[PDB]
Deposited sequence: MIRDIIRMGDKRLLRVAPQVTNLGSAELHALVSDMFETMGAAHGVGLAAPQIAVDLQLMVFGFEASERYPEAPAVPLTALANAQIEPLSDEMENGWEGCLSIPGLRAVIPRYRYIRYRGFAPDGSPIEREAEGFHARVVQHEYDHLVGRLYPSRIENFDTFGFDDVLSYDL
């Protein structure tokens, strides 16, 4: 079932989400399923549960839009926790299904570890770098009430997608 993606300005994107406590359940598998399918219909590369107004520490991401980017595995991750593996920052283009039509260059950690659980309950623990890492940090921000504009350093790079010609 495709869910409506709520848009920036909705207070429900600004909340700190509680943990998932129904790992391995049918209610969670169905919700995850709705997320992949919502993500897929909107052509997303990641989608966090608060963007479909579900107050939970859950995100889906991955794909084989962002045309220059390498493959990221299709992943559903509950209770994500993130640690930087280096202090190196890297600038890159982000957009967001809750902020349609726009994008900006955003600094993120180049190198992270993230941990949490698959919907079935098995542990997930990975080192990620570059675009993979950026996606996870971006979706993690939603789980703590944060959107990408408040991370923009260079406002010359923020603009509509069809108009932007800033050269990174």
item	value
Missing CA stretches, deposited numbering from 1, N-terminus first	65-67
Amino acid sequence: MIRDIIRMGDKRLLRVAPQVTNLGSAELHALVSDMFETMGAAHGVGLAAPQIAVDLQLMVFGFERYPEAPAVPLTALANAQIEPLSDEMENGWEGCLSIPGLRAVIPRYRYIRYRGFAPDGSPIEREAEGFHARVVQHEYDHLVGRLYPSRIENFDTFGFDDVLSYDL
From here on, numbers count along this sequence of modelled residues.
| item | value |
| --- | --- |
| No coordinates for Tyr66 in a third or more of the other PDB entries | yes |
| Which of 131-139 and 66-74 has higher mean CA B factor, as the PDB entry lists it | 66-74 |
| Mean temperature factor over C-alpha atoms, higher-scoring stretch between 20-28 and 156-164 | 156-164 |
| Position of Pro123 among the chain's modelled residues by C-alpha B-factor, lowest, middle or highest third | highest |
| Within-chain third of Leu13 by Cα B-factor, per the entry | lowest |
